[PDB]
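In what follows, a single structure is set out as structure tokens and then discussed.
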Amino acid sequence: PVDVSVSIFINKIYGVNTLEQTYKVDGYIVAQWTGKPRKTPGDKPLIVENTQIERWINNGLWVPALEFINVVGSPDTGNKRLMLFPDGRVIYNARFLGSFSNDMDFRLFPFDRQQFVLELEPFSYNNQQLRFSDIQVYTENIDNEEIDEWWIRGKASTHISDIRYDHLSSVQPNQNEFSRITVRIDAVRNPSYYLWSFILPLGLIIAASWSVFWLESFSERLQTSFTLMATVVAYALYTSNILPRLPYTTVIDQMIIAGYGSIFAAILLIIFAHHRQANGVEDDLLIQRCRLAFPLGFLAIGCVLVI
Amino acid sequence: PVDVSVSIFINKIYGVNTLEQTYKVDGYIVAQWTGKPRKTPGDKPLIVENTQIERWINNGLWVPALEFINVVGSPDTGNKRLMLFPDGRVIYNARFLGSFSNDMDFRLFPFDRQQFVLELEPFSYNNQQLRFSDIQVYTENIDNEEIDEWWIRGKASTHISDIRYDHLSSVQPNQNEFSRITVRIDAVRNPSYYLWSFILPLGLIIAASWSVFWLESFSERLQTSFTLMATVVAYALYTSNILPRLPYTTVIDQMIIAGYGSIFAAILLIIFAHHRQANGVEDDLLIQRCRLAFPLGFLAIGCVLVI
Amino acid sequence: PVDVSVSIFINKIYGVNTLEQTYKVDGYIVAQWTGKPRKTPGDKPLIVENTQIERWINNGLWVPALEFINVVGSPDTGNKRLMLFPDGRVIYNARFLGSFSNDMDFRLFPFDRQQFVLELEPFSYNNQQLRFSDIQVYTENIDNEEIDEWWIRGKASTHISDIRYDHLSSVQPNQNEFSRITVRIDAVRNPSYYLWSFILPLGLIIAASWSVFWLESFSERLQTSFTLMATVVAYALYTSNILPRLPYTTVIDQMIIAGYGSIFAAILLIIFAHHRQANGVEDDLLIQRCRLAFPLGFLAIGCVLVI
Amino acid sequence: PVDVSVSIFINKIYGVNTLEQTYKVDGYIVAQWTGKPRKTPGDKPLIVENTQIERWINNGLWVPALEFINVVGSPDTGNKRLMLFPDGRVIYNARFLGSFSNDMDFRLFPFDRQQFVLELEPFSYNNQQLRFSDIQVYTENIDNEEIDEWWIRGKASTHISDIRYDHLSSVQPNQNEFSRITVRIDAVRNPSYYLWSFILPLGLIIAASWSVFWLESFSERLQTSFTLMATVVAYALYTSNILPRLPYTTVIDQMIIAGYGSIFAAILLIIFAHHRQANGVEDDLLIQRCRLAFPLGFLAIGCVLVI
Amino acid sequence: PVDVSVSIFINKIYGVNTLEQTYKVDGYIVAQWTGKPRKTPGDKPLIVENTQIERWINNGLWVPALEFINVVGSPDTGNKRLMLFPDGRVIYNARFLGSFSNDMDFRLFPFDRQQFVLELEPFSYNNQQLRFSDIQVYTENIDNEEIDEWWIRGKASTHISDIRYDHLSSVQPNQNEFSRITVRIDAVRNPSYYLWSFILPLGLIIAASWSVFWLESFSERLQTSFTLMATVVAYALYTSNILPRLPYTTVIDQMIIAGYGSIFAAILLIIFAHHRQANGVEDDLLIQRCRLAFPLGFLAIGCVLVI
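Protein chains in written order, with the UniProt record's numbering: chain A, 32 to 338; chain B, 32 to 338; chain C, 32 to 338; chain D, 32 to 338; chain E, 32 to 338.
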């Protein structure tokens, strides 16, 4: 009941797709299992590269198809290398790059919790078993990571489990237990660009949106919160043309609705202060002077945003 | 007249193309049919992986080309595996990912009715027949589905039918009846993002578009509905730069024409109220004060929109 | 001098590329020619699928390379199937999807005249000849075609011609006449989306662009046609971010220049009406009141647009 | 010392990449060289299509790898066809489409001088020689070329030269002279779209930008050249969302900097005319009235732009 | 212990990906190592092209898989050519184009320091050794490099090192030292387009943003810095739709936050100058007249930006 080593070198994890929950991973995969002894030219082991491997299968070598369960479609395999020993054992070495799937919650946006995953499990093979799992993360921790999109918690996180397929094949004297390596890697998004060049200027206009109350005439207080409407809208443009499309409202995606509210707030006060009186045109004495009373009723309800 | 099992594991259905009526599906396909008995090494069945399969065809194995009828072009096949038995029967196992076609009505937009489809039918083979059809939906129902683009009605919906090709081949002693499995899967769009960060702020400026009537002077009522025109237009920008291009006006695509109207409404009242009088410059006493009479003539005709 | 049948099933024609004059077509291609008789296992004809075809070429089967003349690069062939008979004749069946070229005049834009084309002609073969040409259009006419980008005139339009290549090979005892099937299919663009959500709102602001004349003061008539300049420009934005790039001015692409004109009209009247007088500041009595005299001098010159 | 014919049919040259200096070319390539005589089935020459060619190489046919020097990566080869004669000579015929490199100066933008290139030279072969070079341009001259992106000067322009590689292989008894065909084709950009729907409206607002001087009050002259700043900026938007990114300022790319200047001109005159006086608030009598003195100081310095 | 020559012709380095830290490189790769002598047809060396190479491996030729360590996935190999000598030695020649990885600091943006890299090291082979490394840069220095995205410091920069893999294979009598060529090439970004059509117009509106202080009334000083807010925001639009997305704030990306500040400066002075007095409405005598006191408090703190 065959024992199989696995070793997986991660080289880079790059470019997350955000709609599709996808991330590209590049590296090396290595499997060792001890086969019945063999004469090797010389008597030091024999090295078989790329083209040649398929030939030794035709001659009758067993090599197990190991599959990435959570890959998307098929991957890109670089250099196949079967290195096989005189004492039998055989070591499969493969460079690869391929797209991978996993759940990704992008709601809490520019402060992002995230985790990357590979799952590897033999394709056609029941009781051949994944022995022990290795994972060598070349990528470096508290490094120059302020040059990378992501920071990595985090060191490689293994787990070799057993998998039961209910609806299965046509031979079940107790035989639906496949051996699956699952490899996890934790990460957080580099909240830089999104704060400085993105959260803040939202604030600055969300801010200056309130100085509509320090306007004099009523006719001025109105027509200014209209080219404040346009300022919000044309800022949600600069959102779309930079930010990654999603199907949930994000953090930022809310701060932008906060905009549209604190201005449709304005319009329902300024257009209140002018017709709540006791004569013709007498703007309400205090209502006009919430000048700095609903910014601390925003930073208030905006600390209800933090709820 | 050959019996064939089919089993189809759906893994994910992802990324709908909206122009093209297209959706990518990833999973496993499995076919079993019982062939004339055979000696297998050992006497437990024999497993043939990937490369090797083509070899056994050249040796004289029958394996039927089964075709996805509604695929777009060709798909991406991962791990071919012929598992064949001593008592004859043969089980074909294949990973796959491929683009698929089907009609999709996107009119009623951000509240979307939708259904996904595969059709599978033998390519060259008349009376060989698809026995019984299985379909195992790994994807999960009322799950964390508010992380996914789509919710799934819905469980797998089968149907094995017979297909008649009129204009056909050059042998017709009654022989144009091909066996087609049709698999259906129902879905609805996750109306989240489109409501909160998209339908609502349309409403809020559609809304505040009416406070042009609570303006005083005639000269102010005009020039304000002009930087209200610009507000609508620059909001249909944020539409294009987020929403999926189509060839029909959608729901949202209408609420945006509603905008252009309730402002070209304004311009044909404000420019009416000033020159319908009995002197020089006397703004019509009641016409000016439909202030909240055509918003409930909008929400009125906008409940004719719901007709 | 070999006779060849052709039959071409169109499944879908989808996604036109507008720069490149390109359109993807998916379907089945079938060729039948009668070859010297042959024993078939059993004595009912023999069916050869995919992999196997190349083998029978190596054994010495003739199968003619037929080429799509106007394809772009190479296409995507799905299921090859050689079905060959006891009485000799052979039937080649292939699924395919591929990009195709043809001239396409996109000038008269959202009211588009268009035609799709395949040309098929034997690649290496002079006097082997295309017998009779068939074309089965699965796609349906006055259907639910308001769900599709295109309406189809129109039924399949054939034509088997002969082609002379001047500068040719190194054997010319009268031998440069290749047999080419040409298949045409007519279409018109679904002028929906472009009318309602696109031509009309252009009109509504082209419209309200004229109510700058029903402004009072001179200082108002100016500064309003400036945030009317911006309204046009920011509307041609919503053009670019939706419409397909081209190298000619279209219909819509003109109505947008019409905009820039009827406002640089305004600026060259309003800035005329103020300095054509007989004193200091006396706005010209009638010139100011072309209020509705150059809209019917626009719809006039705009019915010279229809010239 | 082997003689080789070449003939190159161009079918289309399409889609220039502007950053990358790249253009796709589709067509046929043909090479003829006379080899030692051979018996052909029948005695009319023998035609070898696609698959089969590789076989005759394995049997011992010489076929020289000819390489496109300036291709990008590899190209897409359609139909290989070896047609070989009884008297020896062999004719290679190949369909192809492939990306090509060449220097391209895009500075003088929408009036573009340009030239397309292929370079073809044997890959492993020193003294085998390209005999005479042919080039058949199917594409047509002063045709309906106002439907195409480009006009073609111009007829095919050949040149068969010799190439010396300095640092070279490990056999140099005078042997580093490779035979390279260079084919050139001249072109000009279709300056339509870019004039009418693009250079002109830039002019019309660059124009109306000057009517800020025909404003009355000082307070009006300022605040209007501010929603003129915004008009320029939001027009350089419509530039980015249509025009092809480059790393040099183009023609148009300057006319847009001309905009920003003739408005920061305005601001440094209007804000000069108000504080250059001999009292409190007396706007300079003549300075205010350069009303049409720096448009002919623009069209002046703008005919220094033409320098 | 096998000696191997290497020679690497760079043809072009093009299209940097900015998120992914990636750049495409096209050229030729050549390896020579002297093998045990051999009879060559004729007795001049023997040339083996493309298809044929794999055959000679099957007959028993050693050819070492050399791997680009920092490639992304796999590359695009054009023309394989084994040229092997009578005296033994063998010369491998290959055209290639492939994507490459390396750290890239894009912070100091439009004035960019950068370096391109290939690393080449034998894949399966320990003590076979890379002899001496060559690198021929066809691309030209202080050339017409103002037509190219990049300038090249700089001539090819070699280095042949030894690499130790800690966690390694299952044979360690001192054997984990692989021979790696590292090739470097220096570059700087062509700061043209980004200065003239991009840094300057930012300045010009950053500039004219200050002429809000040479406004008269308080009510004017406010409502003008609001359509100055919109001017900044709609200019950061023209940034997104041209500039390459990154995860750090760049140089330009800061000058844009500088904008938002020097306007939220304005709003926090103009709204200060009006309510810091000693009565009803008396605008502060000097505060109003920092007219040209915080531009030299900007160019001041903006020479703290240069810190």
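Every residue gets a Cβ at the ideal spot worked out from N, C-alpha and C, and that includes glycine.
At a cut-off of 9 Å between beta carbons, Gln83 of chain B contacts chain A. Annotated as distal: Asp284 of chain A and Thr262 of chain A, with beta-carbon spacing of 9 Å or more. By the C-beta density criterion, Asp57 of chain A is buried, having at least 16 other C-beta atoms within 10 angstroms. The beta carbon of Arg112 of chain E lies closer than 6 Å to those of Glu80, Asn124 in the same chain, with the five residues before and after it left out. For chain D, the residues of the stretch 268-279 of chain C that bring a beta carbon within less than 9 Å of one of its beta carbons are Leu268, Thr270, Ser271, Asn272, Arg276, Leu277, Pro278, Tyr279, in chain order. Using a Cβ-Cβ cut-off of 9 Å, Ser201 of chain C counts as an interface residue toward chain D, since at least one Cβ of chain D sits closer than that to its own. Shown here for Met260 of chain A: same chain residues with a beta carbon closer than 7 Å to its own, the five before and five after excluded, namely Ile294 in chain order. Under the three-state reduction of DSSP, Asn48 of chain C is assigned to strand. Under DSSP, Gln63 of chain E forms a beta bridge with E:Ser36, E:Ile122. Per DSSP, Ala289 of chain D is one residue of the alpha helix (DSSP H) stretching across 283-301. Only buried fits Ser210 of chain E, as 16 or more other CB atoms lie within 10 angstroms of its CB. At least one CB of chain C lies nearer than 9 Å to the CB of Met260 of chain B. Taking 9 Å as the CB threshold, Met135 of chain D lines the interface with chain E.
Excluding its 5 nearest sequence neighbours in each direction, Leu253 of chain A has C-beta neighbours in its own chain below 8 Å: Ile298, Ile301, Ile302, listed in chain order. The shortest C-alpha to C-alpha distance from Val264 of chain A to any of B:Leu235, B:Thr280, B:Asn207 is the one to B:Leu235. For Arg144 of chain C, the enclosing beta strand (DSSP E) begins and ends at 144-153. Under DSSP, the beta-bridge partners assigned to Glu98 of chain D are D:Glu152. Shown here, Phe229 of chain B sits in a helix according to DSSP, grouped into three states. In the structure shown, the three-state DSSP call for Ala309 of chain E is coil. One finds nothing in chain B with a Cβ atom closer than 7 Å to the Cβ of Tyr54 of chain A; even the nearest lies about 14 Å away. In the structure shown, the three-state DSSP call for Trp181 of chain E is strand.
Here DSSP, grouped into helix, strand and coil, assigns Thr53 of chain A to strand.
Look at the stretch 182-200 of chain B: the residues with a C-beta under 8 Å from a C-beta of chain C are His198, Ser200. DSSP places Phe244 of chain E in no alpha helix (DSSP H); its state is neither H nor E. Short of 6 Å from the beta carbon of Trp227 of chain A, and not among the five residues preceding or following it, lies no beta carbon of its own chain. What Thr255 of chain B touches in chain A, judged by beta-carbon distance under 8 Å, is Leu253, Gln254, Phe257, going in chain order. The shortest C-alpha to C-alpha distance from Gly290 of chain A to any of A:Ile332, A:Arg320, A:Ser250 is the one to A:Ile332. The beta carbon of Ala187 of chain E sits closer than 7 Å to those of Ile166, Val168, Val214, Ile216, all from its chain and outside the five residues before and after it, given in chain order. The C-beta of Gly119 of chain A comes no closer than 9 Å to any C-beta of chain E. With a cutoff of 9 Å on beta-carbon distance, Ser223 of chain B and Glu171 of chain B are scored as not near each other. Counting only the Cα atoms, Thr281 of chain B lies some 57 Å from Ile78 of chain D. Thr53 of chain B is a Cβ neighbour of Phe131 of chain B, given a cutoff of 9 Å. For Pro32 of chain D, the CB contacts under 8 Å within the same chain, skipping 5 residues up- and downstream, are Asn158, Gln159, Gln160 in chain order. Among the residues of chain E, those whose CB is under 7 Å from the CB of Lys43 of chain A are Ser132, following chain order. DSSP places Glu208 of chain E outside any alpha helix (DSSP H); the residue lies instead in the beta strand (DSSP E), whose first and last residues are 208-220. Rounded to whole angstroms, the gap between the alpha carbons of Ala309 of chain C and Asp315 of chain C is 9 Å.
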